[PDB]
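As structure tokens, the next two blocks hold two forms of the same chain, structure 1 and structure 2.
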Structure 1
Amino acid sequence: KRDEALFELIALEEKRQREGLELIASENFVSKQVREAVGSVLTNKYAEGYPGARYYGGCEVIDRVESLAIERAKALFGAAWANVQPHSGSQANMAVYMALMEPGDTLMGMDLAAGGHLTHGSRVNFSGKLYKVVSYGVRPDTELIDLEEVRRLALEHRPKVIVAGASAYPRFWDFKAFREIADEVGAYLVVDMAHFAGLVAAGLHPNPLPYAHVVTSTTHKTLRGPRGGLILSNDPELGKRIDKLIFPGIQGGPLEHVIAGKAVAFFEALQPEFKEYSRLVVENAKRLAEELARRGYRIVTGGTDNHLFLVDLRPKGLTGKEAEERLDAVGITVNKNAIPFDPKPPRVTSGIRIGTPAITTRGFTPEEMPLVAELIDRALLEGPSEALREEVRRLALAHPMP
């Protein structure tokens, strides 16, 4: 008996995705073959352990799948070791923290208010419950990270681990300077590249591998793969330690159907067409930010080096919460985000975060960004209307999903 109610919902969700403009920076649209792998019979196999050293019979083929994912990840990113088993970015970070630190140790990471991830030290998160968290942020005048403030905090608090990488930072990271600071205090440098991993793979963002002790990531977001986590390093000895924290430390059976999907995503990212896609992602984001600046918004840091940017809404007297709702009502999804010099509180904010990976996957090009900018502006100033919702729909339907 088919579950009609459930599949009626899936068809509605497919329609919602086709007919809207997805501008949330951490979203993307996976290919059909990534979905085919994730929907495969590989979910039926228990395969605890690692290739050639499993706790169950029958893993001969699974071992070739997981080894293929590992070797492709190492070739794509220039790594000496990889672990493709983390269920999510959260589990990847948790395993690294538990391998390098003991409860009570100090963790330094980017403040949630300035763009950090929950996993970089939130007190509601495991990172803030097991460890002592010290946070860094951005300067109000530069709207950028201050490496001298980072170093000062590191010398004063002596973290065991310093995390670089964030969720809403629109400029390049200086991984070399972060590693120098870490070395000065004897800390490990962990880079969480989840947001910009696809740009690293395409050569459009500095690669953290050579400077970090360990690199964590999701396989979704700019890498355009299935939902899951990833760990990389140039140190196989440290990798062996982390392998043990993933299993038997924090996980049980790996999701080998999702790992097959990671293998597919790494194959796609190794093709030359991926570099072109990634170039367009960054060109779209720079062009869309410029077009909104021309229409009266201020762009934080004045622009972006990557796939996302932050819009200061104060010139138009809007809060991030109101802009979110007005845009959601016409099928444009963004999220509110604090700006560095923000007069409003966290639940309201004076900004929004926009990202181009998902619309770029649907074939949007830089010459269409003026039109996207005008729809956003109209929705913010005129508010939601049926005519505007129909224009978004038409535009969206004219750009196919994978």
Structure 2
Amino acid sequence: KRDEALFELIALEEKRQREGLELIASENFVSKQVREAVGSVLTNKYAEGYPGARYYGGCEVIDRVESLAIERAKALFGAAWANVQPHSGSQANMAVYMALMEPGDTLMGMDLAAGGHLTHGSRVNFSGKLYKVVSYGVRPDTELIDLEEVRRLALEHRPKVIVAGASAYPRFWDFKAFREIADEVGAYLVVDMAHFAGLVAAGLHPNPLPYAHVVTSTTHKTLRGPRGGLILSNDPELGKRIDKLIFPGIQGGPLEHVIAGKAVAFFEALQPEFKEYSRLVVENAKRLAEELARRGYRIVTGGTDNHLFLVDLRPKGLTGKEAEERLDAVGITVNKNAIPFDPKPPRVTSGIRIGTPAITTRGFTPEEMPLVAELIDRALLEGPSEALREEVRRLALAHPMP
């Protein structure tokens, strides 16, 4: 028997994805071939270990698949070593921390409201429960990272690991400076490029490989690959320790169907079309931010250098939660998001985050941003209305889906 109820739901999610404007910065739309690989029979094989060194037999073919994913990741980012087994970006960070630190050590990361990820030291996350956390933020005036403040904290606290990279920071990172700061205190520099990995691959964002000791990332998000993790390093010696922490350290059998999909995504990222795609992602973000700014919205840092931006809704008397609900009601999906110095808890927040990777995959161009800006503005001021939902639906339907 076919599970009709379940598949009817999947069809409903397909429709929702086609008929709305997905503006969540961490989402995107994977290609048909990525999905073909992820839905392959590769899930039927237990492949604990690494290529040429597995616990079970019958991995002769699987070894070529994983190896291909490894080599493509190295060539794409210019890394001497890679591990494509992490189940998620979260597991990638966990393995790295457990390999460089012992519980109780000091971890230095970006404050959450300022843009850091949960795995960068949040008290409700394993990162903040197992290690002592020292957080750095942004300046209250420009909302940018102040490198001297970072330096001062490092000298004072002497962390074992410093983490650069974020979930909601709209500007470039000076990796060279962060490494110098790390060297001054004998710390490891870990760069979590999850959000901007694709921009790095396309040459549109500084590359952390030469400066960080280790780089973690997701294969999904700007890289537009399957949902999973990835680790890179230019130090293969450090790479060997980390390999041991991924397995048998924190994971069991890897998801080889997903790793096959990672190989495909890397293949897609090496094609010239990916550079054009990535260039458009950025142009869309900047243009859309400018359009909202021209409508009276306050943009954190005043703009963006990447694929996302934050909107401080305080002057509008709206909480991020309220805005997310109103926009959602008319087919425009975003996420409530903390902004630097947010007086509200993460469940409410004082802003919303917007990103363009997903709509850019659907063919949206900078010239269409003024229209997307108008729709957002109306939904926040006039509230939801059936006529507004219908406008969004038609706009979205005028664009193909992979």
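Structure 1 provides the reference sequence; residues are numbered from 1 along it. Take the two forms, superpose them, and find the largest set of C-alpha atoms that agree within 1.5 Å; that set is the rigid core.
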Fix the rigid core, compare C-alpha positions between structure 1 and structure 2, and report which of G186, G249, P315, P210 shifts by 2 Å or more.
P315
Shift of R64 between structure 1 and structure 2 at or above 2 Å (CA, core fit)
no
Is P366 among the residues whose Cα moves by 2 Å or more between structure 1 and structure 2 after superposition of the rigid core?
no
Hey, does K344 budge by 2 Å or more at the Cα between structure 1 and structure 2 once the core is superposed?
yes
Core-aligned CA shift between structure 1 and structure 2 for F172 (Å):
0.1
